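Here's the structure, in structure tokens; my notes come after.
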2 protein chains.
Amino acid sequence: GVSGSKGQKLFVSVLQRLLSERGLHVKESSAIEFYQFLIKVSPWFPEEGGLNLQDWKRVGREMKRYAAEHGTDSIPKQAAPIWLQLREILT
Amino acid sequence: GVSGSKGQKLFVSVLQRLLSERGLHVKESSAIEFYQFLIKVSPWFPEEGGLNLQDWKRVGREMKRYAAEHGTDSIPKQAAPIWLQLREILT
Ligand SMILES: *C(=O)CCCCCCCCCCCCC
């Protein structure tokens with residue numbers, strides 16, 4: 001399998017359950033944009049990471065480095081909001 | 001001055017616009033509930049407040065104060081998430 005969208009539908013489905021139980025809703029295309037950004041910046045996360053603060057704080061650091069190095073317009077507008085909400089959910 | 005449903009449609013319309021531009025969407029019912037909660041804890045905000053980080057931080061303190069006195073179970077589950085997104089917008 002060499003699909004470009006591996007894990008995408010699972011990620012979207014999980015993201016959408018976690019966010020919807022806090023009253024927030026992301027468009028599918030936007031959820032997919034975020035996922036592609038996450039696996040670009042932090043490909044180790046699905047493989048070795050968990051839904052805990054240490055790992056999610058690391059994903060944050062790595063996304064921030066990416067912004068600093070590439071400018072805040074190669075980044076999806078929804079990346080910081082979604083990251084932030086997941087951080088809080090993990091708290 | 002706040003009073004029942006007064007200001008509610010306008011508050012909701014601005015809130016939805018601000019959130020939506022960041023790729024986060026709230027149901028109208030959740031936004032109404034968030035408004036009723038804000039005006040309960042911080043009725044000064046429409047009257048004397050401004051849409052700035054300092055006043056929003058006060059609103060934040062007052063919502064946590066309300067949680068402390070009445071317990072986590074009394075407050076809408078979307079309250080903290082919405083407040084947090086608006087705080088980022090204001091940064
Ligand atoms: C998903 O599409 C998995 C694809 C795996 C293809 C493997 C083919 C390997 C061909 C080279 C073999 C050389 C060793 C005999």
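Every heavy atom of this structure was used, including side-chain atoms; hydrogens, water molecules and symmetry mates were not. Convention: sequence-line order gives letters A, B, ...; per-chain numbering from 1.
- Partners of A/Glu48 by side chain to side chain donor-acceptor pair (under 3.5 Å), not counting sequence neighbours: none found.
- Across A/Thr91 and A/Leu53, no two heavy atoms sit closer than the pair OG1-CD1, 4.2 Å.
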**Request:** With side chain to side chain contact (heavy atoms under 4.5 Å, CB included) as the test, would you mind laying out the steps for A/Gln85 and B/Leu84 before giving the verdict?
**Result:** CA-CA 8 Å; A/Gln85 193 60 233; B/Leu84 178 67; 4.2 Å; yes
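- Applying the side-chain contact (heavy atoms from CB on, under 4.5 Å) rule to A/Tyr35 yields the partners A/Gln8, A/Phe11, A/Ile39; only residues at least two apart in sequence or on another chain are considered.
- Enclosure of atom CD in B/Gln54 is not indicated, since only 12 or fewer non-hydrogen atoms of other residues, nucleotides or ligands lie within 6.0 angstrom.
- Rounding to the nearest 0.5 angstrom, the gap separating the CD1 atom in A/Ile75 from the CZ atom in A/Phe34 is 9.0 Å.
- Within a 6.0 Å radius of CD in A/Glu28, other residues, nucleotides and ligands contribute 12 heavy atoms or fewer.
- Applying the salt bridge (charged side-chain N to carboxylate O under 4.0 Å, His left out) test to A/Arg61 and every residue at least two apart in sequence or in another chain returns nothing.
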**Request:** Report the C-alpha distance between B/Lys9 and B/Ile32 in whole Å, list the side-chain angles of each, state the deciding distance to 0.1 Å, and finish with yes or no for side chain to side chain contact (heavy atoms under 4.5 Å, CB included).
**Result:** CA-CA 8 Å; B/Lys9 183 186 185 187; B/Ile32 290 176; over 6 Å; no
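- Atoms NZ and OG1, on B/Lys64 and B/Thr72 in that order, are 10.0 Å from each other to the nearest 0.5 Å.
- By the side chain to side chain donor-acceptor pair (under 3.5 Å) test, A/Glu62 pairs with A/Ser42, A/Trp44, A/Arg58, sequence neighbours left out.
- The side-chain contact (heavy atoms from CB on, under 4.5 Å) check on A/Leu10 picks up A/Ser13, A/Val14, with sequence neighbours excluded.
- Put simply, the side chain of B/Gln16 gets close to the backbone of B/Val26: a donor and an acceptor are under 3.5 Å apart.
- With hydrogens and angles disregarded, no donor-acceptor distance shorter than 3.5 Å links the side chain of B/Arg22 to the backbone of B/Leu18.
- Between the CD atom in A/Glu33 and the CG atom in A/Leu38 there is a gap of 13.0 Å [rounded to 0.5 Å].
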**Request:** Could you please spell out the steps behind the side chain to side chain contact (heavy atoms under 4.5 Å, CB included) verdict for B/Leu19 and B/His25?
**Result:** CA-CA 6 Å; B/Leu19 287 183; B/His25 296 102; over 6 Å; no
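- Across all non-hydrogen atoms, the minimal contact from A/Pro46 to A/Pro43 is CD-O, 3.6 Å.
- A/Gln78 places no side-chain N or O within donor-acceptor distance of the main-chain N or O of A/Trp83, the cut-off being under 3.5 Å.
- With hydrogens and angles ignored, the 3.5 Å screen pairs no side-chain donor or acceptor of B/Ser20 with any backbone N or O of B/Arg17.
- Among residues two or more places apart in sequence or in another chain, the side chain to side chain donor-acceptor pair (under 3.5 Å) test is passed with A/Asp55 by A/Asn52.
- Here the closest non-hydrogen pair linking B/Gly50 and B/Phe45 is O-CE1, 3.4 Å.
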**Request:** Just do the side chain to side chain contact (heavy atoms under 4.5 Å, CB included) check on B/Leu15 and B/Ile82 with the steps written out, would you?
**Result:** CA-CA 9 Å; B/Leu15 173 64; B/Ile82 296 172; 3.9 Å; yes
